[PDB]
Amino acid sequence: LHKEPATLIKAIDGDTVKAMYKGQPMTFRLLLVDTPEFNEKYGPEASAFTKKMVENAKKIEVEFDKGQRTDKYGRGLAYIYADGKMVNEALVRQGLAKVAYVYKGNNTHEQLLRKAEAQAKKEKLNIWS
Ligand SMILES: Cc1cn([C@H]2C[C@H](OP(=O)(O)O)[C@@H](COP(=O)(O)O)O2)c(=O)[nH]c1=O
Ligand SMILES: [Ca+2]
């Protein structure tokens, strides 16, 4: 996979971010994770985590997988990096997202994220507490 440029427009919630990509506004949904909704437990905390990460970065980048690049809602499906740190992995590692929606052909980082989730579960963090 390859990282491509994007510019933050707005952090929406724990697993969706609006960003400009190839000069057009896109809503991106993070691959391989599921954060709680804002009105659910840890929802506000996931939203804040993702917001801080993307807002504080000097740059964000998007990385598409090998498969589908948009979902049925027209959201971009990507791994998002904030100053080179993956948001999808960071959320899982802090127990603010579960590994989820693992579709074959768009699952390059599945094992990386499963290892993060095991660590968050061992530490009883957040969703795992
Ligand atoms: C993460 C992801 C979600 N989706 C679709 C499946 C779910 O459809 P349904 O809306 O029918 O439940 C929805 C979950 O997104 P959210 O967790 O943002 O609600 O997004 C994909 O199709 N591919 C993906 O890789
Ligand atoms: Ca969600």
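Whatever order the structure lists them in is the order used to number ligands and atoms, beginning at 1. The chain is numbered in sequence order, starting from 1.
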Item checked: Non-hydrogen atoms of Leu77 and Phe64 that approach each other most closely -> O-CD2, 3.3 Å

Notebook entry, point to check: Going by the atom numbers of ligand 1, which of them fall below 4.0 Å from some non-hydrogen atom of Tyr73?
Noted result: 9 (P), 10 (O), 11 (O)

Next item on the list: Could you check which of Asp71, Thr27, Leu77 puts a non-hydrogen atom nearest to atom 24 (C) of ligand 1?
Entry: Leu77

Next item on the list: Identify the residue among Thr35, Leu113, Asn126 that makes a side chain to side chain contact (heavy atoms under 4.5 Å, CB included) with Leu91.
Entry: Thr35

Next item on the list: Below 4.0 angstrom from a heavy atom of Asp34, which ligand 1 atoms are there? Numbered from 1 as shown, please.
Entry: 17 (O)

Note to self: Applying side chain to side chain contact (heavy atoms under 4.5 Å, CB included), can you list everything that pairs with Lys52, at least two apart in sequence or on another chain?
What the structure shows: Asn56

Notebook entry, point to check: Going by atom types only, do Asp65 and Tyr79 share a side-chain donor-acceptor pair under 3.5 Å?
Noted result: yes

Got a list of side-chain donor-acceptor pairs under 3.5 Å for residues 16-26, not counting sequence neighbours?
from: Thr16; atom 1: OG1; to: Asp13; atom 2: OD1; distance (Å): 2.8
from: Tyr21; atom 1: OH; to: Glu4; atom 2: OE1; distance (Å): 2.6

Check: Taking atom types as modelled, is there a side-chain donor on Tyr42 or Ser129 under 3.5 Å from an acceptor on the other?
Finding: yes

Next item on the list: Provide the number and element of each atom of ligand 1 under 4.0 Å from a heavy atom of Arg29.
Entry: 1 (C), 15 (O), 16 (P), 17 (O), 18 (O)

Check: At what distance is the nearest protein heavy atom to atom 6 (C) of ligand 1, and which residue and atom is it?
Finding: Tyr103 OH, 3.5 Å

Margin query: Using a plain distance cutoff, I'd like to know if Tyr101 has any nitrogen or oxygen under 3.5 Å from a nitrogen or oxygen of ligand 1.
Written below: no

Notebook entry, point to check: At the Ca ion (ligand 2), what's the angle from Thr35 O to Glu37 OE2, rounded to 10 degrees?
Noted result: 100°

Checklist line | Heavy-atom nearest neighbour in the protein, as seen from atom 19 (O) of ligand 1, with distance rounded to 0.1 Å | finding: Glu37 OE2, 4.0 Å

Checklist line | Check: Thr16 N/O within less than 3.5 Å of ligand 1 N/O | finding: no

Item checked: For the Ca ion (ligand 2), the closest N/O/S atom belonging to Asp34 -> OD1

Check: Is atom 12 (O) of ligand 1 less than 4.0 angstrom from some protein heavy atom?
Finding: no

Next item on the list: Decide whether an N or O pair under 3.5 Å exists between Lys72 and ligand 1.
Entry: yes

Check: Taking the non-hydrogen atoms of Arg75, is any one of them nearer than 4.0 angstrom to ligand 1?
Finding: yes

Notebook entry, point to check: Which of the N/O/S atoms in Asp15 sits closest to the Ca ion (ligand 2)?
Noted result: OD2

Notebook entry, point to check: Stepwise, does the side chain to side chain contact (heavy atoms under 4.5 Å, CB included) test hold for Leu125 with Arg93?
Noted result: CA-CA 9 Å; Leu125 299 179; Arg93 181 58 181 88; 4.0 Å; yes

Item checked: Main-chain N/O of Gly67 paired to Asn106 side chain as donor or acceptor, under 3.5 Å -> yes

Checklist line | Within 6.0 angstrom of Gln68 CD, more than 12 heavy atoms from elsewhere | finding: no

